[PDB]
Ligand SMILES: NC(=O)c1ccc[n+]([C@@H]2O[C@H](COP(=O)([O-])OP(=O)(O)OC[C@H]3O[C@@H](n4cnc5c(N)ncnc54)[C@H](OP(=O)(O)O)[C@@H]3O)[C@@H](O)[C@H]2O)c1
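The chain that follows stands alone, in the form solved without this ligand, written as structure tokens.
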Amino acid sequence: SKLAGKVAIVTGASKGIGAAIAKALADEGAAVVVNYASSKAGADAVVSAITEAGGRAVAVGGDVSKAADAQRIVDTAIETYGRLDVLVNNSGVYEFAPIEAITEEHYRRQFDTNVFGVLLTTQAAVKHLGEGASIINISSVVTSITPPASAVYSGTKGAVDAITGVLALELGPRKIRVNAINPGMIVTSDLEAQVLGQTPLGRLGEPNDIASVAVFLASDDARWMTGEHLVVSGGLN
């Protein structure tokens, strides 16, 4: 198993992409700290699924935009499993608005979680990370396609892309890898039909389309990649 003995944290992992990454990491033998912001029951079902199949996992509630919660999520990993190897920053929220409608709260809520939350969780994690560790930031294909009415959301993801490249260089001497995945629209309307029509591989994405890439980046198979942004959108860029 690619991640035997390793320990991963996945933020935003009660549902959807985060949930699928937590399970796929466990399938390769990582113990997984399943952080949830919203739905506790979803996270408990992720833990139950991991543990039923012979894995180890633990759910932990918390809001990554708050320094104390970010720290507690990292502590959980160490207090429960004694080590940390992989961080998946997946906690993200989204809201669209044209330039005329953008409010301060629209700006703050998204930057606080999508950017400051990545920084706080990563800062907390870095204390425990050494040679071979892998940090995976979940960004979005919007940094390539930058759609109308997405200035703040795409703004947050542009910030994540840049942070990924900074930390790759900064943490390189410590041999900690930092990469991004830039997913397309992932289904867990007009937009779905539009996006489908622009998607070369002829379907909409699913959570496990992202999960398999996160596992690759988490594993030693990606030991010579850092600072990369992998667009996982079925060909849309």
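Shifts are known only where both forms have a C-alpha. In this text, residue numbers run from 1 along the sequence as written. Superpose the two forms; the largest set of C-alphas matching within 1.5 Å is the rigid core.
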Missing residues of the deposited chain between residue 188 and residue 189 number 10 or more
Which is higher in the entry, the mean Cα B factor of 159 to 167 or that of 85 to 93? 85 to 93
With respect to the recorded C-alpha B factors, which stretch has the higher mean value, 134 to 142 or 119 to 127? 119 to 127
In terms of recorded Cα temperature factor, pick the maximum from 172, 62, 183, 200. 62
Name the one of 230, 8, 236, 4 with the greatest CA B-factor according to the PDB entry. 4
Lowest, middle or highest third of the chain for the C-alpha temperature factor of residue 219? middle
Sorting the chain's modelled residues by C-alpha B-factor and splitting them into thirds places residue 102 in the middle
For residue 114, the third of its chain into which the C-alpha B factor falls: lowest
So, residue 179's CA B-factor, relative to its chain, sits in which third? The lowest
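Note that the form solved in complex with this ligand isn't included here; everything after this is about it.
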Would this ligand, positioned as it is in the bound PDB entry and superimposed via the C-alphas around its site, fit into this form without 3 or more of its atoms falling within 2.4 Å of the backbone or C-beta atoms? Open or blocked? blocked
Any non-hydrogen atom of residue 126 within 4.5 angstroms of this ligand in the bound PDB entry: no
Residue 153: heavy atom within 4.5 Å of this ligand in the bound PDB entry? yes
At the 4.5 Å heavy atom threshold, is residue 94 in contact with this ligand in the bound PDB entry? yes
Contact of residue 15 with this ligand in the bound PDB entry (heavy atom, 4.5 Å): yes
Of 47 to 55, 22 to 30, 179 to 187, 164 to 172, which is the one stretch near this ligand in the bound PDB entry, taking non-hydrogen atoms within 4.5 angstroms as near? 179 to 187
Please list the stretches that shift between the shown form and the other one, defined as three or more consecutive residues with CA displacements of 2 Å or more after core superposition. 189 to 194
